[PDB]
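Residue numbers (the deposited numbering), protein chains in the order written: chain A, 15 to 159, 178 to 616; chain B, 233 to 343, 356 to 497; chain C, 427 to 478; chain D, 321 to 373; chain E, 172 to 349, 383 to 446, 451 to 512. Using N, Cα and C, we set each Cβ at its ideal position, and we do this for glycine too. So the structure is just underneath, and the comments pick up after that.
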DNA sequence: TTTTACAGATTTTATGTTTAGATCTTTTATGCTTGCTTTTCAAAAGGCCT
DNA sequence: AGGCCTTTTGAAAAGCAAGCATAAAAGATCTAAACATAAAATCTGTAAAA
């Protein structure tokens, strides 16, 4: 109708008043629909306890990097002078994204203002000056507890006699790699004349997200020699000095200490996806670990057994599920192959439910500390050895594999400690229902998918998305069409893939016209009982082409706004250009 | 047959099919010799073939992916945004998911319903100032004061930043479900709209349920946009005939 | 990379990225590309060997 | 040199390559896989141009 | 729809019905705030307004943005209770009728009826205006002259207000003697606007120096389209180089060709290389009758 | 008890300031066509060999 | 009497390069919308005097 013709129509969905059930949580009935409702409620509450215990530590680390950074910047912003006294202090914040709040100290009988500047707040030099002096007059006349001045450096000249305090303005350029440096060095030149006023103290703070050889290549050399008077650098990045990856991954183990385990493939996938992204890694760490936890409690019924009170709700289907673990198969093969007691394996094979039901609850008192010993290796490398360039994720990966000694000899600094820093752990039976893992490609398919490859796969093959049927063909309208005829927009792509770079739309139409059935669609087209217009065009002696051009032009103008087809030669639109290739 | 390509589609399929073809080997055939139709014959056979070619397999597919809905509600209520890419129209999926399923389940669980702001982003008349006008009466936030507004700044982006720092001291319940159809459409792929919709997804109290159509879509979002969205991607390609949106675009002869 | 002004394009005002008429170009010089190809250890000196 | 990722460094290198190389001479420098169908690769440039692009 | 200009003040002027206290604030946002005012508190009553000259409002915002948007917005007839709030449209001349779009043309409200109202047989119309009389006639207008007037008006579009200022002028030129005289006006205003293409062209020029210069502008068109008066004067000393003459004589004799109504000299962009203003030359009539005008002058034949 | 009448608040009108996006023109850039030429390969001409 | 295999080998496919065209970049010039200020008429709310 006409409601999908206007943008942003808000819609209130009306609702039935109540259904009076427990359907207030999304956790479905697992074990092919055999689970109890109280176990689903306990699973939801247990997942929320785990998720809250994780994120209450993640938030303290994330709100502690700001209390570390404000402590860092505000120490080399102050407590130092230069003998020239006609220079501005300059701090290059390397690798920093513009997300930090800066605090300026008391320093009484002197104002301290912070003038944040942006590539949107700087289209030329005069808007920078008007915004800077506007922020100066605002943060000077509102921090005092009346005339109108002009917003230029004259306010900086007579700031001493307008207010009575000395000025100390601290500039702050947010995306220094995104401003014009031609506007920025003009602003620095325009600021340089403020030196002669004896009550100012300009400080510049550059938030650079690239290296320093790309800022002093684009600036002019006189501005660079002015900036070489009192400059300091400061590396602000959460990959330098692995302290905040060794506090998010450390805190993830404090929630899963004994209840859950991590796989080998999972930690190497974490390391592969944390290394292909540098700007934000404290967020791509947490949104992989939480989505690993969310795909666990939604899938694994045995999560209800990670609390040692729910041990008595072992139904028959839990005993069916746990029995077909291959580590238990390895254990039972062990009980066969070393010695032969008959009537114990005959019990625990398929008959006795009580022995297997009480046997599994012994397997939860075990700890086998991977994450209980890895903190000892972390404390040994940080305190006793004083090496602060190690990664807890990669050390944990090698400790999980077992080649930890190679990673400890990667430094060649702890040769007398390769026995003290050694730990060879084994597997405990029934790990493979209690492990966070990725062997199905779930964290790949729904966090970092091959987007274009999935679109092209669904366009080309299309049988992995559309079903085939064997009963619903006679009550339908097209029963014999789903088996002999590919879907248009999925059939045209088979000709689009094996075409050239320049595709003539008439040849692209003829190749589509002779891959359709002729003697089927001329029978099919007369099926409709209601309308009468669709049958008279079948009484026309050129029905097949006039039904073929409709489907072809529909598929072409459907590909075009998807991105696979560029119509070159405007005012012709006859020779299209293939512009997406499969497999790339 | 009409392509002499040694390789097919990889990087060497790109390098191989980009050759140079002579003037006599070319086929300069205008599409005038295609048998012309009327507008109403197209309009008739189109709506016939939409719901009468693969109708029961597509309904079977929608019932297959319709038991996926509790995972979508779980991912929304745990903080993520959703992104539904795929072949075909994702329109009726989000009209049958967000209106029917989602907001009744959200409204019951925190105990009228939860307001659903649909946003037809395939319409090129999609300004962000009237869309943010439509957001600021479904939430009604505070106004921009004199100290918090700046010298000729953007009031929409500053208001969303003020809402972001307001909603860190609040209970975490969904207050709106923002349903964007064709998020990479011709008037919403631009930068300030995406800055708006990326700063809205920072708020936990609004669930973004987006959909894309173009294939080079993920390069609209850098390390700041793709971090404030924190999308989870779901290929729900269901081969829909996509006839709500094609009335907007040119169907010129 | 487009945000960090390292690859760049024809700056029409608020250009759409998803058009088949917007083409891209690098605007970093050779002297940093040699250091980059030294960092990942990529032999790029023999890619422009057939020009000088 | 730069605090970038591996794929971003290779994207910078590949964008540096394709915006200084002529588009016709890349199937002589990168095409390496065995054919199954009768095809010919790019021959490459005959004379090295010493204008230094 | 006069004092609107922008799509901003559509709804306040129709609000003098009960002269309410509300009207400025609640109404001008939304269609549901005018759906709030469609139900009638004071009985069924009636209030149908006729917004006049409605094509004048929708001619803004330069693509569709807030005017054509408003025409696809204010033709919704969605809810139909017992409420008399219809609005017939008063569209102007056919300037942007044949430009449409599918939102304007697909089943919402008062669209699919439009009629050309051209008054053919306006002779009977004049007969109705004169027979509906308050001042008895003796000698009526001759219907041969009435049909000649109705013939010589309705060829362009068929304006009736144009024809109403013709018979009035005919009896106004009748009163200047103190169908035989209701014809020289049209034979007067057709000839006055036309003047003479070639018969009076040289007649008014009578001067040869006011004749061959028009040929200089004719030769200054099929070499250059930026015909500067300098270029009209560099062509002048590429033709007569075979009492001096300065540029002032040329540019003041061009005022005669300006005064008659052939030539246009004003400042234009002057594209060229630099973009500052200079004088131009342009001619209007087609070179068919002027090429027959030179068939009598033996010196304007080699210059063609 | 209304109707006035000062105070203050909100509207009206009018012009100033900054940002974002359109049209049109000039100058360089890219692709198309036509004749000639230089590579790689695949059919083959023919000697070696079972 | 037969398969093979390496020098030689057409030869049709890549490469090259002047000649007109036409898209496309870059910028000049313009304009509309968001954004801000402000004085005077106008609305209105609280006592206003009868």
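Worksheet item: Any idea what DSSP makes of residue 476 of chain B, helix, strand or coil?
Response: Assigned with DSSP and collapsed to three states, residue 476 of chain B falls in strand.
Worksheet item: Taking the beta strand (DSSP E) that residue 124 of chain A falls in, what are its first and last residues?
Response: It spans 124-131 - the beta strand (DSSP E) in which residue 124 of chain A sits, taken as one unbroken run.
Discussion item. Quick check on DSSP: helix, strand or coil for residue 361 of chain B?
Written reply: strand
Fill in: The beta strand (DSSP E) enclosing residue 202 of chain A, as first and last residue numbers
198-205
Worksheet item: How far does the alpha helix (DSSP H) with residue 490 of chain A in it reach, from first residue to last?
Response: 483-492
Worksheet item: What residues from chain C crowd round residue 598 of chain A, counting only those whose CB sits closer than 7 Å?
Response: 446
Worksheet item: In its own chain, which residues sit with a C-beta less than 6 Å from the C-beta of residue 167 of chain A, not counting the 5 before and 5 after it?
Response: This model leaves out residue 167 of chain A; its place in chain A lies between 159 and 178, and no residues are given there.
Worksheet item: Among A:245, A:585, A:558, which has the Cα closest to the Cα of residue 572 of chain A?
Response: A:558
Fill in: Nearest candidate by alpha-carbon position, reference residue 401 of chain E, set E:276, E:274, E:493
E:493
Practice prompt. Ignore the nearest five residues each way along the sequence and tell me which others in residue 598 of chain A's own chain have a CB closer than 6 Å to its CB.
Written response: 609, 611
Discussion item. To the nearest angstrom, how far is the alpha carbon of residue 431 of chain E from that of residue 403 of chain E?
Written reply: Going from the Cα of residue 431 of chain E to the Cα of residue 403 of chain E covers about 26 Å.
Worksheet item: Is residue 316 of chain E closer than 8 Å to residue 293 of chain E when the C-beta atoms are compared?
Response: Taking 8 Å as the Cβ cut-off, residue 293 of chain E and residue 316 of chain E do not qualify as a contacting pair.
Fill in: Straight-line gap, residue 370 of chain A to residue 376 of chain A (C-alpha atoms, nearest Å)
14 Å
Worksheet item: Counting contacts by CB-CB distance shorter than 8 Å, is residue 458 of chain C in contact with chain A?
Response: yes
Worksheet item: What residues from the stretch 17-44 of chain A come within 7 Å of chain E, judged by C-beta to C-beta, listed N to C?
Response: 19
Discussion item. Going by beta-carbon coordinates alone, are residue 469 of chain A and residue 297 of chain A separated by less than 8 Å?
Written reply: yes
Worksheet entry | Residue burial classification, residue 445 of chain A (beta-carbon count within 10 angstroms, cutoff 16) | With fewer than 16 other beta carbons inside 10 angstroms of its own, residue 445 of chain A counts as exposed.
Fill in: Listed by chain order, chain A residues near residue 321 of chain D by CB distance under 8 Å
By Cβ distance, chain A contributes 243, 245.
Discussion item. For a minimum of 4 consecutive residues, which ranges assigned as the alpha helix (DSSP H) are wholly contained in the stretch 526-579 of chain A?
Written reply: 537-545, 553-556, 565-568
Item to complete: Out of B:263, B:245, B:237, state which residue places its alpha-carbon closest to the alpha-carbon of residue 536 of chain A.
Response: The option with the nearest alpha carbon to residue 536 of chain A is B:263.
Item to complete: Look at the Cβ atom of residue 462 of chain B, then the Cβ atom of residue 483 of chain A, and state whether they are nearer than 8 Å.
Response: yes
Worksheet item: Between the stretch 85-101 of chain A and the stretch 207-217 of chain A, do three or more beta carbon pairs fall short of 8 Å?
Response: no
Discussion item. Tell me which residues share the same chain as residue 305 of chain B and place their Cβ nearer than 8 Å to its Cβ, disregarding the 5 neighbours each side in the sequence.
Written reply: Excluding positions up to five away in sequence, the list reads 333, 334, 337, 338.
Item to complete: Would you mind reading off the limits of the alpha helix (DSSP H) that contains residue 439 of chain B?
Response: 435-444
Fill in: Span of the alpha helix (DSSP H) around residue 453 of chain B
From DSSP, residue 453 of chain B is part of no alpha helix (DSSP H) but of the beta strand (DSSP E) over 451-455.
Discussion item. Going by DSSP in three states, residue 175 of chain A sits in which element: helix, strand or coil?
Written reply: No coordinates are present for residue 175 of chain A, because the numbering of chain A runs from 159 directly to 178.
Practice prompt. Give the DSSP-derived three-state secondary structure of residue 410 of chain B in the structure shown.
Written response: helix
Worksheet entry | Stretch pair the stretch 145-159 of chain A + the stretch 234-249 of chain A: three plus CB contacts closer than 8 Å | The stretch 145-159 of chain A, when compared against the stretch 234-249 of chain A, does not touch it at the 8 Å Cβ threshold.
Item to complete: With a threshold of 16 other CB atoms inside 10 Å of the CB of residue 135 of chain A, please say whether the residue is buried or exposed.
Response: buried
Worksheet entry | Proximal residues of chain C, C-beta to C-beta of residue 333 of chain D below 8 Å | 459, 462, 463, 466, 468, 470
Fill in: Nearest-angstrom Cβ-Cβ length linking residue 444 of chain E and residue 414 of chain E, presumed shorter than 8 Å
The Cβ separation is near 15 Å, so there is no contact.
Worksheet item: Whose C-beta lies closer than 8 Å to the C-beta of residue 541 of chain A among residues of the same chain, with five residues either side of it excluded?
Response: Contacts found: 580, 581, 584.
Item to complete: For residue 364 of chain B, count neighbouring C-beta atoms within 10 Å of its own C-beta (all shown protein chains included) and say buried if the count is 16 or more, exposed if not.
Response: Buried.
Item to complete: Can you tell me which of the three DSSP states residue 465 of chain B falls into?
Response: coil
Worksheet item: Going by C-alpha distance, which of B:378, B:403, B:379, B:381 is nearest residue 390 of chain B?
Response: B:403
Item to complete: Just tell me which of E:222, E:428, E:407 has its CA closest to the CA of residue 504 of chain E.
Response: E:407
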